[PDB]
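Here is how the chains run, residue by residue.
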Amino acid sequence: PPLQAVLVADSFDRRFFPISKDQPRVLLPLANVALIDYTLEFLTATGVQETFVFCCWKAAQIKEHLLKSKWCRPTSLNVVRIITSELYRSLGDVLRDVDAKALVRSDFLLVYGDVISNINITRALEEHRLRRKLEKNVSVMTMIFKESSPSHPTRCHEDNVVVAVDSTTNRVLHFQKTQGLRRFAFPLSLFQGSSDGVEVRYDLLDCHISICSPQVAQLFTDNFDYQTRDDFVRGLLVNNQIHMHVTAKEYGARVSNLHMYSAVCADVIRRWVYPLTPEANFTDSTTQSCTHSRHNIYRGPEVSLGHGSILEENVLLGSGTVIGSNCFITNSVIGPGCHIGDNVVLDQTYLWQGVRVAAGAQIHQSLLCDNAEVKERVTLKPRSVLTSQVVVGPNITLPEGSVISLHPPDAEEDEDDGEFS
Amino acid sequence: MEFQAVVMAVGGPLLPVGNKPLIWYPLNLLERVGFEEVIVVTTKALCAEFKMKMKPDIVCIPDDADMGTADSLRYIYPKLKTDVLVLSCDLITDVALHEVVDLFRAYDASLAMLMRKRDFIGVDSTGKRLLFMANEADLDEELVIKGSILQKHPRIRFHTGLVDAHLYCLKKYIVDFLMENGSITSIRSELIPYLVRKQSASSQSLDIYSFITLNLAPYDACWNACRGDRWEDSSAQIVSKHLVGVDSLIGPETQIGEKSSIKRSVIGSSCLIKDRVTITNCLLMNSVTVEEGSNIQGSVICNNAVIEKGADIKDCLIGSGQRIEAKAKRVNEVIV
Amino acid sequence: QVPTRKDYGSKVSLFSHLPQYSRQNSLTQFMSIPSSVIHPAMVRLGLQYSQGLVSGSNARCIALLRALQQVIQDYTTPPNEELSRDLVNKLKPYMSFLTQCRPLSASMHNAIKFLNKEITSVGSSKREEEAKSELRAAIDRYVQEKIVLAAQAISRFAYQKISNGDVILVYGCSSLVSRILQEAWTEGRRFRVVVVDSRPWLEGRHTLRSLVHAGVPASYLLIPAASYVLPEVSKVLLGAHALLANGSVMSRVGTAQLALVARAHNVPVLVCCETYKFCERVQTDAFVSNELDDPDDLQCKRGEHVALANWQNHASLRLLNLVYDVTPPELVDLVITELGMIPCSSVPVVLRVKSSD
Amino acid sequence: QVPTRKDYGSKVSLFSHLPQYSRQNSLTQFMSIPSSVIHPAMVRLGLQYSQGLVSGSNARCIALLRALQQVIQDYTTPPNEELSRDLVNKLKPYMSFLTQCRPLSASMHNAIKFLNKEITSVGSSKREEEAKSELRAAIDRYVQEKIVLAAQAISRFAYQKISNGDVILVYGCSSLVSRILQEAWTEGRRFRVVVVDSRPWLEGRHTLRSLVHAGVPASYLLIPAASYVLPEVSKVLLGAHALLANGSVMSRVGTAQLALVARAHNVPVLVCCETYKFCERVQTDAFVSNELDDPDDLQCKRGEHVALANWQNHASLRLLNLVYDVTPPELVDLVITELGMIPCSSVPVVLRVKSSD
Amino acid sequence: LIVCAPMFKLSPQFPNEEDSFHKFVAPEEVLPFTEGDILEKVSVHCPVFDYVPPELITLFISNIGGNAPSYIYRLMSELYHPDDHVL
């Protein structure tokens, strides 16, 4: 039985703004390389020869970016199935396409293009396959999804999951989410059936990983009233039971909001995902080959350090970069071409292509984008976002929230740049 | 000698007894020094049904029929010099009477149960502390899990039929801080006031622990299901030289005729057969007899039962005391 | 009267001296539970000791002393008897009972010779009630001044000690290096602390919980990798269960190599042991008398691949794990206690001074 | 071919990879006493080893050399088995025989390897007798050039080294250290040599007697009080049997601890081993490949009340004595050999530039 | 210290070319995810490989035999032509 997978781009229960305008929601460079390459080398990390990535959004961009990888050509163990922008909305018409075009035999991986992880998936794949062979296809799927605490930066309350499940034969009972509930109640009718007992488990975070054999193509196209996977599996859990496996060590999580962007970009360089750690140069980008050093710093080539710039935890630079003096940079990533001048203080900056920072500028908890001539004393605070060529000047400061850009209605800015409020 | 023990009365006491109430695996396991600070409060006639059980010292005090367990402790609360070991007379279990009160001192429970695998009990990971137990008299809707129980203890094994043993070990702290709060009677349903989390007893966390045993079955108020079928430790009796019983509970001074052998059966005192008492799988109690044609097969021959000369009865609670001479009783229970 | 606790499992080739215990049985499995000649506070003590829940440095001490508070302050006297010489012989079954429940550390011996001397000090001139009250007074003073006053005094003196910019590593199993590092931070220093530990109890748990709830920067690592913590660490701290008449640092076993591989950079030690713990007992190196826990606390976990599942199937494929460790007094550099910072080999005169003299 | 020698008395618990002997019963209590099962020179050299008659430094090499030359230069050449290859395999009972007798110095191993390599260098195509005489010429030019030209070459070089008033010590039994002493003394020099020796050989005798007959002032102290030469030694000549490829050297029981007590002053130890002694076997510890002579030669003469006569009467007492030892390459610095004065750790690079390249 | 060291897993390298002389792996080997709320800040790290001084080990058990732990330059004179050791 050969092993393929489908790879959706983006469920449009939308949380990314306004970063999903010029570049998409999925070409999101976490450490100076596109996030499609991270999730695609997760899919190449475990053994899958052929996978289906679906595109909806500006086929010219993802077309051009998938013209200069090295699995453009099938010399390696992948070539990539890509298609162009007819009628596509979300995962709904994705699975309706995957059982209308019918590119499925059995047991493929359903992941978004938005998970980065290190599960070598094949273990519970074969345990699930044993459960299929032995017991008459009553068990639909198996989901593997982490063991953790009730307190973690990745278990923020958007994808908080409690499940109730037995531990002998690990079939789930309730996939009850917790986006705002605080009293819990479980319908007691399904405990007299298993009188030896049943656990409850909150030690969970969903990896958005799970396998699927095309019984769910039948239970998905027949039942139109499920579109997202969560009300889907709850409808599975009210009427076919679906199983469970608790992995112990390796993890991944779906980078949904920018909260997960912060947690993952501070975890790949705290390095909980090795083999994935960006010194490997997954692309053929000689403009990415970076050199690891003590306490997790990563100097780029022709780095041009500023004198006295002290580095403590988890930083980078790029290629062609000129960094200035007196930088107390910690837990950040920097992008290429940056003419970041003298005495620029940073802390967890996620700076991207083409920037030229002016001198004497604190920047704090930020993430900004291409061709941004940022200027004097732009002091920020947690959860602040500049985006895509908009220019601030002599201390146009910003508070906690910053939905700003260069486009007029989404931003806090008109046609021109942010020089004057 | 500090912590004391008391005996309760009723539920749903001394009904399914052939000759002996086999509460002796309690009173053989830990009565060498043992069991001295004990109080009889059970079903004046109550002072005459335990002169046969060899106790070292006793306190026989009556409580009324409206047996609030909390009223049963309110009556002799001042003579509770120390902590409480309530073991009701409604008990037969053989389990080790030391570790069930050694888990009493683990993190020093204010209240310690002992349960045994509809009536729910929750429990922690390691089988040590129960959190909330519940029966259907507080759940018409299903069940509620609060925030903190699940935000602190994420792995909770549930149970739904893990039935009681009625061994309650008990510390004076909560009986002071809950006894005079009279709105909580029924000490079995006092366990729903665990009263621990953010919701008085904790009159300032509280410690409760139970032990899930794995050896015998529960107590029996009116069964003798495996209590007539309880391997006590024949013992000391006499026969017609052919009473081949399955180590059978032969009450001595029995009137055996021709091969009277009530095997797998409690043949009590004066369990008389003038003919073949076969393997009854029953209990022929004190002053009960199937003489001259014992048709003994499963007929529960209770206290002074009368069915003989073809005692046609099976799979039922056969005639408890009522005179039925040619009793052709059936799968339904015979008359009272 | 008191029964024995038997061996569990194949004993190691060297230790014929000290018997082996296990926690899936009790010594109270044998004995009658209406506690007829042994007293319930001692058996509460031994049965909670059996699970290793109170296993800390000073916690076994304070548990014992508060226990013997509730022991001696509910005693009823005998008639026709010498009053103070009815007692310390009657204490011998309870203290041998504790001995057989789990063998003593140094703090517990300090306690038993303390109340031995003071029951011997408080004679039989007075009625038993204020004798018992003065016992309560003496024992409350004892734990009060020694534990609490030693704690604040060494807090002040190590605050005087600890210097800025100095990335210090720890190995944390006490109630004291957590205390020392909390109120080293609470007056606003700037230090950055790495802890290291190892199986079986894995005591980097207790001090990570204290320090991270106190809000200090960090980085975690553990004991075989402790030579990656050679080159840029400039101090090191270690709390011990006892220091003896040589200057011997006696603690959990993960205590030893840290100092010497640090001395492979010349960045020397600092031991934080206050002067309750010291003892007249002397042993030169690491095998003459320690204790040893339940040996099956050692199993690694790789999914189902439990590598040491039943170690009795081959007749001798067998483990033990020792609990106490003594490096020689050559390399330990400073002790910190009530009477200042004593450099190493001059410890026993600090022992001498508090001995009714 | 040959039987083995029985054990005598008991043995230590450690050395049971090592056999022990006695000289009260030897090899030729039983075997083919007109020696034609084995060549006569072999049982000759064997039973004069069994009483220690040739116990020298390279004296043992030349004794086995004369024995094997009396083997080879009367050797019948049988047909139906080849010209050069019935020798070396019939020489396998020879060195296994002497290994049974009392085991080999590594000098004899180097002799084995050289005459091995040379009898391979003459194969089949030559008649056996003038090939035997060319083997004689090769072995004679070998022992002459290496042994003798190495002795006078290091005499000229160590004459350039050693100067006036250099009070130098020996642990003395060889034919090279007293050699360098006398033929440095007789050229207008001055140095007060002291010998040291040890129980039970009590051997310094050949060296001290040859010094005094050469007219050199001598002193004398035994290694059980070697801490009294501790300050005043100016340099020390160490007579080593073999010299391994660590950089180590190799000699008796009584070059074991004088090496370390004279590394403990910076007095530069000076070992004397020529090109012949560079071996290839490399040991590290001191019980691995080390012989054990007759263990009842250590008795005392206290009138007649000796403690060690009937030592088999009582249960568990033992005896032992080691003979050879190895010193680590830290201590030993300078070797005395031909091409220069090569240091310790750079030895086997000389051993590859005289090994057919 | 006797070191076990075959003649293929010798390297002509030095400690100096860059870092990643060691090898940093995922540190969930040393921390679980069963702690509470702690692991947000403590920045764990581990190599799998350490570095040992040459001058402290004793000898080879090698596929020429024994060597001293600093003899090795003769072998690397022979096996690798050092002008193309830098390659």
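Residues numbered from 1 in each chain as written, not as in the entry; some residues may be left out. Chains lettered and ligands numbered in written order. Part of a larger assembly, values for the part shown. Heavy atoms only, no water. Residues with missing side-chain atoms left out of burial classes, pairs and counts.

What the PDB entry is called, per its title line, is "eIF2 - eIF2B complex".

Note on chain C: under the UniProt heading Subcellular location, the record states "Cytoplasm, Cytosol". Among the UniProt annotations of chain C, the heading Sequence similarities holds the following wording: "Belongs to the eIF-2B alpha/beta/delta subunits family." (UniProt positions renumbered as here; feature names shortened; annotations may be inferred.)

Moving on, we get to the overall build of chain E. Of regular secondary structure, chain E possesses one helix and two strands. A compact globule built from 87 residues would reach a C-alpha radius of gyration of about 12 Å, whereas chain E, at 19 Å, exceeds it by more than 25%. If one aligns the C-alpha atoms of chain E with their principal axes, the spans along those axes are about 55 × 30 × 20 Å. Scored against the burial criterion, the 87 residues of chain E give a buried share of 32%. Contacts in chain E between residues far apart in sequence, at least 24 positions, make up 57% of those at least 6 positions apart. Working note: accessible area of chain E is about 5800 Å², and carbon and sulfur atoms make up 60% of it. Positive and negative side-chain charges of chain E, numbering 4 and 13 respectively, have mean locations separated by a distance of 7 Å. (Helix = DSSP H or I, 4+ residues; strand = E, 2+ residues; numbered from the N terminus. Rg over C-alpha atoms; globule rule 2.2 N^0.38 Å. Buried < 20%, exposed > 50% of the residue type's maximum accessible area, 1.4 Å probe, protein only. Contact = heavy atoms within 4.5 Å. Areas by Shrake-Rupley, 256 points an atom, 1.4 Å probe, with all protein chains shown as cover. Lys, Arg positive; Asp, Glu negative; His and termini not counted. Charge placed at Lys NZ, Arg CZ, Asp CG, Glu CD.)

Our next topic: the interface of chain B and chain A. Facing the 20 residues of chain B at the interface are 21 residues of chain A. Looking at the side of chain B facing chain A, the largest losses of area belong to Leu150(B), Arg155(B) and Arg157(B), adding up to 29% of the total buried there. Summed over the shared surface of chain B and chain A, the number is two salt bridges. Where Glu199(A) meets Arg155(B), a salt bridge forms, and the shortest distance between an N and an O atom there is 3.0 Å. Residue assignment for the side of chain B that touches chain A shows that the elements contributing at least two residues are β7 (144–145), α3 (147–152) and β8 (157–159) of chain B. The class makeup of the residues in the side of chain B that touches chain A is nine nonpolar, four polar and seven charged. Taken together, the two bridges between strand β9 (residues 184–185) of chain A and β7(B) define a ladder with antiparallel strand orientation. Note that in β7(B) the partner of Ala185(A) across the bridge is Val144(B). (Buried area = accessible area lost by both parts, 1.4 Å probe. Salt bridge = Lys/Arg side-chain N within 4 Å of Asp/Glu carboxyl O. Nonpolar A, V, L, I, M, F, W, Y, C, P; charged D, E, K, R; others polar. Pairing = 2+ DSSP bridges.)

Quick look at the pairing of strand β2 (residues 50–53) of chain A now. All names here are of chain A. Looking at chain direction, strand β1 (residues 4–8) and β2 are connected through four bridges and run parallel. For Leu7, the partnering residue across the bridge sits in β2 and is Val53. With respect to chirality, the unit in which β1 leads through helix α1 (residues 35–45) into the neighbouring parallel β2 is right-handed. In terms of strand pairing, β2 meets strand β3 (residues 79–81) through three bridges, oriented parallel. Its bridge partner being in β3, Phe52 is matched across the sheet by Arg81. (Right-handed = clockwise from strand over helix to strand, strands pointing away.)

Frequently, the measure chosen for interface size is the accessible area that the parts lose on association. Residue and element names in this part refer to chain C. According to the domain assignment, chain C contains domain 1 (1–153) and domain 2 (154–356). The centre of domain 1, based on its C-alpha atoms, is set 26 Å off from the matching centre of domain 2. Across the contact, 41 residues belong to domain 1 and 38 residues belong to domain 2. Both faces considered, domain 1 and domain 2 share a buried interface measuring about 3300 Å² in area, 48% of it formed by carbon and sulfur atoms. At the surface where domain 1 touches domain 2, the tally comes to three salt bridges. Note that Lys113 is salt-bridged to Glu280, the shortest N-O span being 3.5 Å. Counting across the domain 1 and domain 2 interface gives 24 residue pairs in polar contact. When contributions to the side of domain 1 that touches domain 2 are tallied by element, the ones reaching two or more residues are α2 (59–72), α4 (106–121) and α5 (128–161). (Domains from an automatic or database assignment. Polar contact = N/O pair within 3.5 Å; in protein donor to acceptor, adjacent residues only side chain to side chain.)

A surface patch of like charges, here negative, comprises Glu376(A), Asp414(A), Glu415(A), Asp416(A) and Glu419(A). Topologically, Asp414(A) is positioned in the segment after β21 (384–385). (Patch = residues over 30% accessible without salt bridge, like charges linked within 9 Å, V, L, I, M, F, W, Y side chains within 5 Å.)

Turning to the interface of chain A and chain E, a few remarks are in order. Facing 19 residues of chain A, the contacting portion of chain E comprises 17 residues. For the pair chain A and chain E, the two sides together bury roughly 1800 Å², of which 58% comes from carbon and sulfur. If you look at where chain A meets chain E, you find zero salt bridges. Between chain A and chain E we count three residue pairs in polar contact in total. Across the side of chain A that touches chain E, the residue classes break down as five nonpolar, seven polar and seven charged.

With that out of the way, let us pick up the nonpolar core. Within the largest apolar cluster, 38 residues are counted, with the highest numbers of intra-cluster contacts made by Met42(D), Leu68(D), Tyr94(D), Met95(D) and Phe97(D). Elements with a contribution of two residues or more to this core: α1 (40–49), α2 (59–72), α3 (87–90), α4 (92–101), α5 (106–121) and α6 (128–161) of chain D. Per element, the largest residue contribution to this core is eight residues, and it comes from α2(D). Judged by nonpolar contacts, the second largest core, of 36 residues, contains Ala41(C), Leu98(C), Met108(C) and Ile112(C). (Core = buried A, V, L, I, M, F, W, Y, C linked by side-chain atoms within 4.5 Å.)

Residue and element names in this part refer to chain C. On the secondary structure map, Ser55 appears in the loop between α1 (40–49) and α2. Exposure remark for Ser55: the relative accessible area of 10% places this residue in the buried category. Only 2.7 Å separates the side chain of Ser55 from the side chain of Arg60, close enough to count as a polar contact. Residues within four places of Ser55 in sequence aside, it is in contact with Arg60 and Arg252.

On to the environment of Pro34(C), then. By the element assignment, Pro34(C) lies in the segment before α1. Taking relative accessible area as the criterion, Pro34(C) reaches 8% and is therefore assigned buried. Apart from residues no more than four positions distant in its own chain, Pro34(C) is found in contact with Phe3(B), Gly34(B), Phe35(B) and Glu37(B).

Turning to helix α8 (residues 205–214) of chain D, a few remarks are in order. Residue and element names in this part refer to chain D. By the burial criterion, the buried members of α8 are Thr207, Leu208 and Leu211. All buried residues of α8 fall inside an arc of 95° around its axis, so they share one side. Along α8, exposed side chains directed more than 90 degrees from the buried face belong to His206 and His213. Against the buried residues of α8 lie α7 (177–185), β2 (193–197) and β3 (218–222). Backbone geometry just downstream of α8 places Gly215 in the positive-phi region, at approximately 90°. (Arc of directions from axis to C-beta.)

Applying the stated rule across the entire model yields 25 aromatic pairs over all chains. Where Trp272(A) meets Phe33(E), the ring centres are 5.4 Å apart and the plane angle is 85°; that geometry is what we call edge-to-face. Highlighted residues: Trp272(A) in the loop between α7 (258–265) and β14 (291–292) and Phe33(E) in the loop between β1 (2–4) and β2 (59–61), drawn from two different chains. No difference in accessibility class separates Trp272(A) from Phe33(E), as the two residues are buried. Ring geometry for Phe15(C) versus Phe287(C): centroids 5.8 Å apart, planes at 50°, classification tilted. Here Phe15(C), found in the segment before α1, pairs with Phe287(C), found in the loop between β7 (271–272) and β8 (325–327); they are 272 residues apart in sequence, far enough to count as distant. (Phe/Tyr/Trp six-rings, centres within 6.5 Å; stacked < 30°, edge-to-face > 60°.)

With that out of the way, let us pick up the sheet that holds strand β6 (residues 249–251) of chain C. Residue and element names in this part refer to chain C. With antiparallel pairing, three strands are arranged side by side in an open sheet as β5-β6-β8. Of all strands in the sheet, those with a lone pairing partner are β5 (242–243) and β8, marking the two edges. One ladder, built from two bridges, connects β5 with β6; its direction is antiparallel. Bridge assignment links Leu243 to a residue of β6, and that residue is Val249.

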